[PDB]
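Data first, discussion second: the structure below is written as structure tokens.
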Amino acid sequence: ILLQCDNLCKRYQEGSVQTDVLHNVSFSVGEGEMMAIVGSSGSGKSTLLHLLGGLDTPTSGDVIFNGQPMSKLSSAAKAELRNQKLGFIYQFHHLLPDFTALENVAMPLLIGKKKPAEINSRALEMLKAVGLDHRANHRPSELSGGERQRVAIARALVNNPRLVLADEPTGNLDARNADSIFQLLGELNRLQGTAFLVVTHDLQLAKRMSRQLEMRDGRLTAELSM
Amino acid sequence: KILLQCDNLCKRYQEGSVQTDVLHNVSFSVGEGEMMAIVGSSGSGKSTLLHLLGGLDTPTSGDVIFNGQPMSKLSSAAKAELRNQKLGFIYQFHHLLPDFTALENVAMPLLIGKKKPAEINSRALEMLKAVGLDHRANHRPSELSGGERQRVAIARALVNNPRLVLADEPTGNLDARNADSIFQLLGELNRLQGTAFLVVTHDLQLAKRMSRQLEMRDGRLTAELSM
Amino acid sequence: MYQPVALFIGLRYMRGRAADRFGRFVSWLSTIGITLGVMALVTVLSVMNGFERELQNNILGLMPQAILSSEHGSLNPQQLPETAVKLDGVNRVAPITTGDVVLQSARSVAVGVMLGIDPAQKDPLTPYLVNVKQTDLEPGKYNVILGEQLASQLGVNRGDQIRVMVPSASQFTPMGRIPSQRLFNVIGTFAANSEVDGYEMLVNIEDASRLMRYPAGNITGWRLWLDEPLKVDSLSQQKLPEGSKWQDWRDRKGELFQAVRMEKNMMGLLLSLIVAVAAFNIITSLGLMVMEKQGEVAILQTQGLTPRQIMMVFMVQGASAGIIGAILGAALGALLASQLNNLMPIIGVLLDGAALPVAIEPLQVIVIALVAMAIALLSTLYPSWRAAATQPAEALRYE
Amino acid sequence: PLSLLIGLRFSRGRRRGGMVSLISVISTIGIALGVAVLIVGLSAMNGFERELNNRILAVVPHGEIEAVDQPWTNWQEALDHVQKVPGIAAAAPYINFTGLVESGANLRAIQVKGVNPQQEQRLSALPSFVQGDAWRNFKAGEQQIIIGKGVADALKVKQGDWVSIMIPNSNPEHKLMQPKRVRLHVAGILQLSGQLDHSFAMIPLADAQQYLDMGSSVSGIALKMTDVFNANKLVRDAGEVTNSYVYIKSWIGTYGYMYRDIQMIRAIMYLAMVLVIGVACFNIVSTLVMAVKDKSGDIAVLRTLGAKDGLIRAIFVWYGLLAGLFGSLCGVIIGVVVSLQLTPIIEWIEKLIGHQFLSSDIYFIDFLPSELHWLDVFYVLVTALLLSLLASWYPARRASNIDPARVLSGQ
Ligand SMILES: [Mg+2]
Ligand SMILES: [Mg+2]
């Protein structure tokens with residue numbers, strides 16, 4: 001067991017109306033198990049995956065990672081976790097603007113203080129894996145739309161996390177990087193015991209994860225019946 | 001019978017480190033009431049090209065002619081004139097006013113044109129219902145989710161009925177639902193109204209709806225789609 | 001690159017993107033403000049210290065500043081030995097017989113004071129004497145030296161002797177308290193660049209004692225040089241162990257004392273205004289910067305950085321900015337302070353103040369810089385903690 | 001109006017509820033503080049000149065026209081008609097001589113002065129508030145003499161007695177004529193700041209009748225410079241109206257090394273005020289420019305939507321106008337309150353003791369506030385509003401000029 005949801009509900013209300021998002025979410029992602037999430041815009045996928053991590057306080061639920069809830073973890077403990085076990089990717093991915101692609105990819109390692117040489121070599125390892133070594137000297141501003149997304153993916157997977165949460169990892173890219181990056185994740189899981197949980201809209205390859213769930217305005221329907 | 005006109009539209013970004021060329025002698029045309037689609041790989045230079053097409057990035061060694069008058073030709077007031085009634089540009093990583101709700105953002109081209117209180121409200125809501133998020137007309141971009149803000153941007157682009165509509169992946173952050181429905185919307189727009197379209201997209205199932213789908217090929221737009 | 005993440009992140013943020021002109025000189029506004037504040041404070045403090053020194057030396061230095069004695073006179077051993085005479089400041093011991101006198105002259109009658117100094121010891125006025133033997137000055141039948149503002153102008157001039165009177169004397173009670181008077185001889189004319197000339201004169205030691213009351217060999221008290229005559233109030237308030245009355249210069253130049261007190265008070269008020277405005281700018285700018293970078297903070301927090309480390313990330317930038325600002329301000333303030341004498345083309349015609357500067361590096365300059373350091377550190381500390389508590393998703397949504 | 005709506009929305013907060021953003025409130029507070037400190041400093045500075053020629057300079061004569069030939073040269077008819085020049089309007093005569101006080105007490109030397117009854121108030125400020133009201137009406141006959149807190153304090157009596165000075169050494173010529181005028185009682189006593197009460201005595205004018213002075217011709221005096229600083233050395237090319245014999249004595253510069261202090265203090269004051277102004281202006285400008293730069297993103301969206309230069313200019317004009325107006329109002333109110341009611345704020349921590357800012361300051365003022373409003377607050381308000389508008393305008397123009405798509409990606 002890696003993920004554990006017990007009626008993970010949420011709702012945003014600033015004082016105007018009660019805008020419910022989710023109703024009693026419950027599932028699990030097995031160690032070294034892939035899954036895919038499908039649905040329509042506004043369903044609440046991104047909010048759900050934010051809740052899965054320690055990056056949004058749930059209203060009436062909890063998430064257990066390795067037999068220990070997220071709000072359980074202290075701030076230092078959550079910082080501990082985010083370096084070696086979290087491979088979260090951001091929709092509208094956000095990157096440090098004053099740091100080039102190489103440094104952004106190397107930041108998890110710098111925070112872990114691995115080594116100068118190891119950090120550089122491994123940042124470049126993963127950058128070549130994603131395939132933007134030609135734009136390793138460009139800051140996010142100078143980078144185009146897709147190469148920054150690939151930089152975010154590499155930063156997520158540079159440190160070899162146990163679990164990889166994603167928000168449309170390949171939705172701003174042609175079939176090239178979509179298919180190639182699915183190949184990359186596919187080898188990752190069967191070369192390394194890393195599980196994946198990716199939200200995507202491209203239904204041709206959504207079944208690569210297999211067991212593709214369907215977020216449906218609260219609860220993740222097991223069937224893909226729309 | 002001409003709306004867009006490129007004569008060796010070249011560009012290059014260089015801050016003093018290296019010469020990072022983007023485009024090499026771009027040349028094509030988009031006919032009045034003619035659809036087109038652009039395809040290619042990431043980093044080709046589609047977004048930079050479409051920025052050049054408008055008066056929103058200075059070309060290096062080329063020019064763009066709209067209605068028989070270049071873009072750098074237009075004065076600042078003249079370009080502001082143009083952008084209200086003829087430009088329907090959509091932004092990749094679309095940027096919206098954060099302190100203004102969706103309704104006001106959609107109505108901004110009209111407010112800038114000072115149409116009417118009543119007409120502006122009715123027509124903002126017209127286009128919002130067209131894109132189909134009436135239940136998020138009171139949410140600011142921050143409160144809006146990822147896709148509804150994109151649809152808000154599309155509605156803002158098409159609220160004022162522009163002659164030409166430039167797009168940067170209008171439907172790449174949305175499921176097949178809004179992709180197909182919004183292509184239906186643009187399709188009626190062209191054949192109900194003499195508006196041309198030029199959309200950059202990665203979904204190749206529907207890229208041929210525009211027909212004559214070109215291929216951005218790291219400089220020059222290859223006529224065929226041979227990768 | 002650098003092993004410490006906080007230092008690297010802070011330095012990179014300090015460098016900035018530098019879009020066109022280093023962010024149109026907007027990125028370094030914090031350092032600019034620190035520099036301006038430090039420069040202004042240093043210049044003001046140096047000029048005020050110079051003013052105080054000028055008043056202390058060029059005016060009050062020559063004239064007597066304090067005297068102690070007993071009721072109407074001292075005793076045979078000067079009423080006391082040198083012991084229990086030193087209380088505060090740089091005090092020099094010298095017998096004196098100060099007393100107001102009337103210097104009647106043929107050309108015009110005038111009044112003034114005198115000093116009963118001895119030829120053996122020096123005084124502020126000894127180097128100013130010209131064409132006279134100050135060192136070899138015996139009584140010579142009550143010989144005196146005075147002039148260059150009284151004898152030369154509106155007086156009997158050098159030579160021909162002059163009259164000297166002491167109203168405080170009871171010689172013959174029957175008439176209207178006839179004072180003690182005698183003819184004195186002039187052997188020189190001191191030239192002075194202060195108020196001393198025209199109001200003061202020099203007499204041999206013990207001649208004033210013989211002329212006045214009380215036994216010969218005694219004096220009217222002892223001169224006491226003060227390190228801070230500007231603040232002589234504290235000395236006057238304190239009572240010396242012997243119980244002798246504390247005379248002071250304020251009994252004569254009270255107007256100057258009150259004027260300088262008021263001027264210093266209101267200048268301190270102006271300095272307070274300067275400090276308040278500068279500190280407000282420091283807090284405002286640094287806090288708004290730290291709050292501006294909340295999105296980057298959120299991105300950083302989700303990948304292993306603790307709330308206690310981002311605080312260091314911002315404190316590094318704050319300390320670097322404060323260091324640059326303080327050093328630049330100190331240098332510029334020192335230069336401006338030691339450049340104020342000139343640059344008065346037309347204002348100097350009627351305002352010949354010259355803004356006498358004194359750059360006191362040891363303490364005043366450094367304390368300002370350290371205070372700026374502390375203020376910047378705290379200002380970068382608090383907002384950083386405030387922004388480190390918000391959930392990253394909430395911050396990245398509004399961003 | 002579109003511009004006002006956009007400006008107000010931009011000046012709104014990032015979250016619902018509070019309708020004020022952090023940056024806008026901060027800029028408002030900064031502007032208010034700058035205006036308040038400027039008002040206080042200018043008021044104190046103006047009060048400096050208000051008090052300088054009111055209690056420390058008016059007492060001292062502003063000039064003198066003494067010469068070595070009084071009859072018909074400095075004393076043509078009644079006096080030299082120096083009133084012709086408009087610089088001054090009260091000359092009056094002036095006679096000075098020395099004397100001693102004989103009262104069987106601590107004898108003191110006094111340089112006495114001659115003053116004309118129903119006069120000497122248009123000349124100097126020595127006539128001051130005192131219990132002996134209507135004293136001038138009692139000054140006549142050359143008998144009664146008024147002294148300060150000098151020989152009066154030295155002697156063990158006051159106006160309650162009639163002890164006479166009995167000037168025993170009134171020798172205009174070296175030969176001891178010494179006409180001892182005795183039984184000159186005093187019914188009024190005056191007090192002045194610090195010293196020189198020991199050498200003041202009021203004698204009715206034309207005292208030469210019995211003091212053996214020669215005739216009704218006396219030394220005289222003139223040159224009551226109203227604008228003393230601007231009148232400094234202004235007698236150059238002037239003063240010939242006196243037609244005196246020898247070069248007249250100088251203006252208050254004769255008692256030099258105090259006027260030197262005055263000028264030096266004024267210079268330091270100007271320096272400090274300039275520093276205050278610079279610091280406040282820099283703070284305001286920096287805050288406004290930083291805020292506008294932070295709001296640069298939306299300008300590109302407006303420009304690409306078709307917005308013209310006029311709307312962009314008007315939006316930030318309204319923003320700056322609102323911020324400056326509210327901040328200036330608050331600052332004006334607080335500064336006026338402080339300046340008008342600063343001195344009355346006497347800390348009661350110690351009952352009429354210390355205060356750490358008041359000591360040996362009697363007949364002067366601890367602080368020196370003077371609010372010459374309706375001519376100085378207007379300048380501060382105008383300068384603040386200007387600075388605000390210029391700071392708002394300058395970056396908005398630059399952002400609008402930049403290709404909108406370029407700034408949307410770069411910044
Ligand atoms: Mg999302
Ligand atoms: Mg693009």
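If you're wondering about the labels, chains in the structure tokens are A, B, ... by order shown, residues count from 1 in each chain, ligands from 1 in order shown.
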At most 9 Å to chain C: residues in chain B, only C-alpha atoms, as a list in words: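 The complete set of qualifying residues is residues 98, 141, 142 and 143 of chain B.
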Take the residues that were just selected and, keeping C-alpha atoms, output them as a short mmCIF file (atom, residue, chain, number, x, y, z; two decimals), in the first residue's frame.
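Result file is again.cif:
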data_model
loop_
_atom_site.label_atom_id
_atom_site.label_comp_id
_atom_site.auth_asym_id
_atom_site.auth_seq_id
_atom_site.Cartn_x
_atom_site.Cartn_y
_atom_site.Cartn_z
CA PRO B 98 -6.85 37.98 -12.26
CA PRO B 141 -9.37 32.99 -12.96
CA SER B 142 -7.83 31.96 -9.64
CA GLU B 143 -11.04 30.21 -8.58
#
Protein and nucleic acid residues within 10 Å of ligand 1 (only C-alpha atoms and all ligand atoms) as number ranges by chain: A: 41-50, 90-92, 167-168, 199; B: 144-147, 173; C: 397
With N, CA, C and O atoms kept, could you save the residues just selected as a PDB file, in the first residue's frame?
ATOM      1  N   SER A  41     -13.501  18.356 -17.924  1.00  0.00           N
ATOM      2  CA  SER A  41     -12.955  19.539 -17.275  1.00  0.00           C
ATOM      3  C   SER A  41     -13.873  19.993 -16.148  1.00  0.00           C
ATOM      4  O   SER A  41     -15.100  19.988 -16.281  1.00  0.00           O
ATOM      5  N   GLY A  42     -13.269  20.386 -15.031  1.00  0.00           N
ATOM      6  CA  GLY A  42     -14.013  20.788 -13.858  1.00  0.00           C
ATOM      7  C   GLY A  42     -14.399  19.657 -12.933  1.00  0.00           C
ATOM      8  O   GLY A  42     -15.056  19.909 -11.914  1.00  0.00           O
ATOM      9  N   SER A  43     -14.016  18.418 -13.251  1.00  0.00           N
ATOM     10  CA  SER A  43     -14.374  17.291 -12.397  1.00  0.00           C
ATOM     11  C   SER A  43     -13.751  17.425 -11.014  1.00  0.00           C
ATOM     12  O   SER A  43     -14.409  17.158 -10.001  1.00  0.00           O
ATOM     13  N   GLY A  44     -12.488  17.836 -10.950  1.00  0.00           N
ATOM     14  CA  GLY A  44     -11.798  17.980  -9.684  1.00  0.00           C
ATOM     15  C   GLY A  44     -10.588  17.079  -9.565  1.00  0.00           C
ATOM     16  O   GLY A  44     -10.192  16.703  -8.458  1.00  0.00           O
ATOM     17  N   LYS A  45      -9.988  16.724 -10.703  1.00  0.00           N
ATOM     18  CA  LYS A  45      -8.820  15.851 -10.677  1.00  0.00           C
ATOM     19  C   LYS A  45      -7.638  16.539 -10.008  1.00  0.00           C
ATOM     20  O   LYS A  45      -7.016  15.981  -9.098  1.00  0.00           O
ATOM     21  N   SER A  46      -7.319  17.759 -10.442  1.00  0.00           N
ATOM     22  CA  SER A  46      -6.154  18.450  -9.903  1.00  0.00           C
ATOM     23  C   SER A  46      -6.297  18.678  -8.406  1.00  0.00           C
ATOM     24  O   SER A  46      -5.335  18.502  -7.649  1.00  0.00           O
ATOM     25  N   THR A  47      -7.492  19.063  -7.956  1.00  0.00           N
ATOM     26  CA  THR A  47      -7.711  19.241  -6.523  1.00  0.00           C
ATOM     27  C   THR A  47      -7.529  17.926  -5.781  1.00  0.00           C
ATOM     28  O   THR A  47      -6.927  17.889  -4.700  1.00  0.00           O
ATOM     29  N   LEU A  48      -8.039  16.832  -6.347  1.00  0.00           N
ATOM     30  CA  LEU A  48      -7.852  15.528  -5.726  1.00  0.00           C
ATOM     31  C   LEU A  48      -6.373  15.219  -5.555  1.00  0.00           C
ATOM     32  O   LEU A  48      -5.914  14.915  -4.449  1.00  0.00           O
ATOM     33  N   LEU A  49      -5.602  15.316  -6.640  1.00  0.00           N
ATOM     34  CA  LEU A  49      -4.191  14.957  -6.565  1.00  0.00           C
ATOM     35  C   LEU A  49      -3.420  15.899  -5.653  1.00  0.00           C
ATOM     36  O   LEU A  49      -2.435  15.486  -5.030  1.00  0.00           O
ATOM     37  N   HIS A  50      -3.843  17.160  -5.554  1.00  0.00           N
ATOM     38  CA  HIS A  50      -3.259  18.045  -4.555  1.00  0.00           C
ATOM     39  C   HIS A  50      -3.546  17.532  -3.150  1.00  0.00           C
ATOM     40  O   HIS A  50      -2.671  17.567  -2.276  1.00  0.00           O
ATOM     41  N   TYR A  90       3.176  19.398 -11.804  1.00  0.00           N
ATOM     42  CA  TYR A  90       2.224  20.487 -11.644  1.00  0.00           C
ATOM     43  C   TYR A  90       1.559  20.809 -12.974  1.00  0.00           C
ATOM     44  O   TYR A  90       2.241  20.987 -13.988  1.00  0.00           O
ATOM     45  N   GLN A  91       0.231  20.880 -12.966  1.00  0.00           N
ATOM     46  CA  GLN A  91      -0.485  21.470 -14.086  1.00  0.00           C
ATOM     47  C   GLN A  91      -0.170  22.956 -14.150  1.00  0.00           C
ATOM     48  O   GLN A  91      -0.079  23.630 -13.119  1.00  0.00           O
ATOM     49  N   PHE A  92      -0.004  23.474 -15.363  1.00  0.00           N
ATOM     50  CA  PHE A  92       0.566  24.804 -15.539  1.00  0.00           C
ATOM     51  C   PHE A  92       1.883  24.881 -14.776  1.00  0.00           C
ATOM     52  O   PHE A  92       2.151  25.820 -14.024  1.00  0.00           O
ATOM     53  N   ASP A 167      -0.146  15.605 -13.378  1.00  0.00           N
ATOM     54  CA  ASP A 167      -1.316  16.361 -13.824  1.00  0.00           C
ATOM     55  C   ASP A 167      -1.120  16.652 -15.307  1.00  0.00           C
ATOM     56  O   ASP A 167      -0.494  17.650 -15.672  1.00  0.00           O
ATOM     57  N   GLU A 168      -1.657  15.785 -16.160  1.00  0.00           N
ATOM     58  CA  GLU A 168      -1.521  15.917 -17.603  1.00  0.00           C
ATOM     59  C   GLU A 168      -0.048  16.072 -17.983  1.00  0.00           C
ATOM     60  O   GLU A 168       0.354  17.106 -18.530  1.00  0.00           O
ATOM     61  N   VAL A 199      -2.936  11.902 -14.379  1.00  0.00           N
ATOM     62  CA  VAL A 199      -4.175  12.425 -14.937  1.00  0.00           C
ATOM     63  C   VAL A 199      -3.891  12.887 -16.358  1.00  0.00           C
ATOM     64  O   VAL A 199      -2.978  13.686 -16.586  1.00  0.00           O
TER      65      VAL A 199
ATOM     66  N   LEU B 144     -11.308  29.687 -10.953  1.00  0.00           N
ATOM     67  CA  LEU B 144     -11.596  28.810 -12.077  1.00  0.00           C
ATOM     68  C   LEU B 144     -10.567  27.690 -12.159  1.00  0.00           C
ATOM     69  O   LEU B 144      -9.413  27.843 -11.751  1.00  0.00           O
ATOM     70  N   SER B 145     -10.997  26.553 -12.695  1.00  0.00           N
ATOM     71  CA  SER B 145     -10.104  25.423 -12.906  1.00  0.00           C
ATOM     72  C   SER B 145      -9.262  25.678 -14.153  1.00  0.00           C
ATOM     73  O   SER B 145      -9.266  26.773 -14.720  1.00  0.00           O
ATOM     74  N   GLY B 146      -8.515  24.662 -14.590  1.00  0.00           N
ATOM     75  CA  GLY B 146      -7.559  24.767 -15.681  1.00  0.00           C
ATOM     76  C   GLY B 146      -8.203  24.991 -17.036  1.00  0.00           C
ATOM     77  O   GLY B 146      -7.704  25.777 -17.845  1.00  0.00           O
ATOM     78  N   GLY B 147      -9.310  24.305 -17.307  1.00  0.00           N
ATOM     79  CA  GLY B 147      -9.903  24.327 -18.631  1.00  0.00           C
ATOM     80  C   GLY B 147     -10.900  25.444 -18.857  1.00  0.00           C
ATOM     81  O   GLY B 147     -10.941  26.047 -19.937  1.00  0.00           O
ATOM     82  N   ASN B 173      -5.642  21.442 -23.502  1.00  0.00           N
ATOM     83  CA  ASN B 173      -5.799  21.252 -22.068  1.00  0.00           C
ATOM     84  C   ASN B 173      -7.179  20.721 -21.710  1.00  0.00           C
ATOM     85  O   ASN B 173      -7.558  20.745 -20.534  1.00  0.00           O
TER      86      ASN B 173
ATOM     87  N   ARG C 397      -2.180  28.583  -6.847  1.00  0.00           N
ATOM     88  CA  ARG C 397      -3.488  28.835  -7.512  1.00  0.00           C
ATOM     89  C   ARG C 397      -3.622  30.332  -7.786  1.00  0.00           C
ATOM     90  O   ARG C 397      -3.838  30.689  -8.961  1.00  0.00           O
TER      91      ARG C 397
END
Within 6 Å of ligand 2, which residues show up when you count only C-alpha atoms and all ligand atoms? List them as a short mmCIF file (atom, residue, chain, number, x, y, z; two decimals) with N, CA and C atoms, in the first residue's frame, please.
data_model
loop_
_atom_site.label_atom_id
_atom_site.label_comp_id
_atom_site.auth_asym_id
_atom_site.auth_seq_id
_atom_site.Cartn_x
_atom_site.Cartn_y
_atom_site.Cartn_z
N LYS B 46 6.29 27.52 -33.54
CA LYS B 46 4.94 27.89 -33.93
C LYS B 46 4.47 29.14 -33.19
N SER B 47 4.60 29.13 -31.86
CA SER B 47 4.10 30.25 -31.07
C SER B 47 4.81 31.54 -31.45
N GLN B 92 -1.18 30.87 -25.80
CA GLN B 92 -0.69 29.68 -25.11
C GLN B 92 -0.32 30.05 -23.68
N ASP B 168 -3.31 29.33 -30.40
CA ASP B 168 -2.15 28.57 -29.96
C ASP B 168 -2.67 27.41 -29.11
#
With only C-alpha atoms considered, list every residue of chain A at most 10 Å from chain C, as an NGL selection string. :A and (47 or 50-51 or 53-57 or 75-88 or 90 or 92-99 or 103 or 106-117 or 119-120 or 139 or 155-156)
Excluding same-chain residues fewer than 4 positions from residue 73 (chain C), what lies within 8 Å of it counting only C-alpha atoms, as a list in words?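 Final neighbour list, sorted by chain and number: residues 69, 214, 218, 219, 220 and 221 of chain C.
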Enumerate, as an NGL selection string, the complete set of residues in region 38-236 of chain D that a backbone-based DSSP assignment places in alpha helix (DSSP H). :D and (38-55 or 135-138 or 151-154 or 228-231)
Which neighbours of region 313-329 of chain C fall inside 10 Å, counting only C-alpha atoms, when residues of the same chain fewer than 4 positions from it are skipped, and could you give them as a PyMOL selection string? chain C and resi 4-15+28-43+282+286-287+289-290+293+297+308-309+333-335+365-366+368-385
Up to 8 Å from chain D, what residues of chain A turn up? Count only C-alpha atoms and give them as a ChimeraX atom specification. /A:14,141-142
How would the residues just chosen look if you wrote them out with C-alpha atoms as a PDB file, in the first residue's frame?
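Listing of selection00.pdb after writing:
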ATOM      1  CA  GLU A  14     -15.295  32.076   0.331  1.00  0.00           C
ATOM      2  CA  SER A 141      11.478  32.351 -19.924  1.00  0.00           C
ATOM      3  CA  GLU A 142      13.726  31.539 -22.883  1.00  0.00           C
TER       4      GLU A 142
END
For region 332-337 of chain D, list every protein, DNA or RNA residue within 9 Å, evaluated using only C-alpha atoms, and leave out those in the same chain fewer than 5 positions away; present the list as a ChimeraX atom specification. /D:32-33,35-40,327,342,371,373,377,381
Would you kindly return, as a ChimeraX atom specification, each protein, DNA or RNA residue with an atom no farther than 8 Å from any atom of region 190-205 of chain B, considering only C-alpha atoms and excluding same-chain residues fewer than 5 positions away? /A:172-175 /B:30-40,46,162-172,210
Save the residues we just selected, N, CA and C atoms, as a short mmCIF file (atom, residue, chain, number, x, y, z; two decimals), in the first residue's frame?
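Okay, out.cif is ready:
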data_model
loop_
_atom_site.label_atom_id
_atom_site.label_comp_id
_atom_site.auth_asym_id
_atom_site.auth_seq_id
_atom_site.Cartn_x
_atom_site.Cartn_y
_atom_site.Cartn_z
N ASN A 172 0.52 19.13 -23.50
CA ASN A 172 1.03 20.29 -24.23
C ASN A 172 2.06 19.89 -25.27
N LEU A 173 2.17 18.61 -25.58
CA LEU A 173 3.21 18.09 -26.46
C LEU A 173 2.58 17.26 -27.57
N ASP A 174 3.29 17.17 -28.68
CA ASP A 174 2.85 16.32 -29.78
C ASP A 174 2.91 14.86 -29.34
N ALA A 175 2.51 13.96 -30.25
CA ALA A 175 2.57 12.54 -29.94
C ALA A 175 3.99 12.10 -29.62
N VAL B 30 -3.11 33.23 -45.77
CA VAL B 30 -4.38 32.71 -45.28
C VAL B 30 -5.49 33.48 -45.97
N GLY B 31 -6.25 32.79 -46.81
CA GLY B 31 -7.30 33.44 -47.57
C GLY B 31 -8.45 33.90 -46.69
N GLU B 32 -9.10 34.96 -47.15
CA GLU B 32 -10.31 35.43 -46.49
C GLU B 32 -11.30 34.27 -46.34
N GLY B 33 -11.72 34.01 -45.11
CA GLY B 33 -12.62 32.90 -44.87
C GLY B 33 -12.01 31.56 -45.19
N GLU B 34 -10.73 31.38 -44.91
CA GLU B 34 -10.01 30.14 -45.17
C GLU B 34 -9.47 29.60 -43.85
N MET B 35 -9.66 28.31 -43.62
CA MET B 35 -9.11 27.66 -42.44
C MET B 35 -7.76 27.04 -42.75
N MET B 36 -6.91 26.98 -41.73
CA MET B 36 -5.64 26.27 -41.83
C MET B 36 -5.26 25.74 -40.45
N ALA B 37 -4.42 24.71 -40.45
CA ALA B 37 -3.93 24.10 -39.23
C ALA B 37 -2.42 23.92 -39.35
N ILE B 38 -1.73 24.07 -38.22
CA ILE B 38 -0.28 23.99 -38.17
C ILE B 38 0.10 22.82 -37.27
N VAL B 39 1.06 22.02 -37.72
CA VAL B 39 1.52 20.84 -36.99
C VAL B 39 3.04 20.88 -36.92
N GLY B 40 3.57 20.19 -35.92
CA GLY B 40 5.01 20.10 -35.76
C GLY B 40 5.37 19.58 -34.39
N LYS B 46 6.29 27.52 -33.54
CA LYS B 46 4.94 27.89 -33.93
C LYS B 46 4.47 29.14 -33.19
N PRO B 162 -14.18 38.71 -34.64
CA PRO B 162 -13.05 39.17 -35.45
C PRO B 162 -13.03 38.53 -36.83
N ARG B 163 -12.37 39.23 -37.76
CA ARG B 163 -12.24 38.71 -39.12
C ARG B 163 -11.33 37.49 -39.16
N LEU B 164 -10.22 37.54 -38.43
CA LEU B 164 -9.27 36.44 -38.36
C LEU B 164 -9.06 36.03 -36.91
N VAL B 165 -8.83 34.74 -36.71
CA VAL B 165 -8.69 34.15 -35.38
C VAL B 165 -7.38 33.38 -35.37
N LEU B 166 -6.37 33.91 -34.68
CA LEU B 166 -5.13 33.20 -34.45
C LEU B 166 -5.21 32.47 -33.12
N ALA B 167 -4.75 31.22 -33.10
CA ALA B 167 -4.86 30.38 -31.92
C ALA B 167 -3.56 29.64 -31.68
N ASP B 168 -3.31 29.33 -30.40
CA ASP B 168 -2.15 28.57 -29.96
C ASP B 168 -2.67 27.41 -29.11
N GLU B 169 -2.88 26.26 -29.74
CA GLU B 169 -3.41 25.08 -29.07
C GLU B 169 -4.70 25.43 -28.33
N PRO B 170 -5.74 25.86 -29.04
CA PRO B 170 -6.98 26.23 -28.36
C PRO B 170 -7.57 25.11 -27.54
N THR B 171 -7.41 23.86 -27.98
CA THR B 171 -7.94 22.69 -27.27
C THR B 171 -6.81 21.68 -27.13
N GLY B 172 -5.98 21.87 -26.10
CA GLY B 172 -4.94 20.93 -25.76
C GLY B 172 -4.94 20.62 -24.28
N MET B 210 -9.61 22.18 -40.10
CA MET B 210 -9.21 23.37 -40.85
C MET B 210 -8.90 23.04 -42.30
#
Å distance separating CA of residue 391 (chain D) from CA of residue 285 (chain D), one decimal place: 5.8 Å
Just the residues within 9 Å of region 166-183 of chain D, please, counting only C-alpha atoms, with nothing from its chain fewer than 3 positions along; format it as a PyMOL selection string. (chain C and resi 104-109+176) or (chain D and resi 97-103+143-144+162-163+210-213)
Go through C:76, C:97, C:126, C:173 and flag the residue nearest chain D, using only C-alpha atoms for the distances. C:173
Give the residues of chain D that lie within 12 Å of chain B; count only C-alpha atoms, and format the answer as a PyMOL selection string. chain D and resi 1-3+5-16+19+21+295-312+400-409
What residues in chain C lie within 7 Å of chain D, counting only C-alpha atoms, written as a ChimeraX atom specification? /C:26,29,40,44,106,167-168,176-177,251-255,258,262,265-266,270,273-274,277,281,351-353,355
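Coordinates place CA of residue 124 (chain C) at a distance of 28.7 Å from CA of residue 180 (chain C).
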DSSP on the backbone, strand (DSSP E or B) only: what residues of region 85-138 of chain C does that give? Format it as a count of residues only. 14
In Å, rounded to a single decimal, give me how far CA of residue 100 (chain C) is from CA of residue 152 (chain D).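 Interatomic distance here is 17.6 Å.
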Could you tell me which of A:127, A:37, A:151, A:143 comes closest to chain B if we count only C-alpha atoms?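 Result for the nearest residue to chain B: A:143.
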Of B:53, B:2, B:71, B:22, the one nearest to chain A when counting only C-alpha atoms is B:22
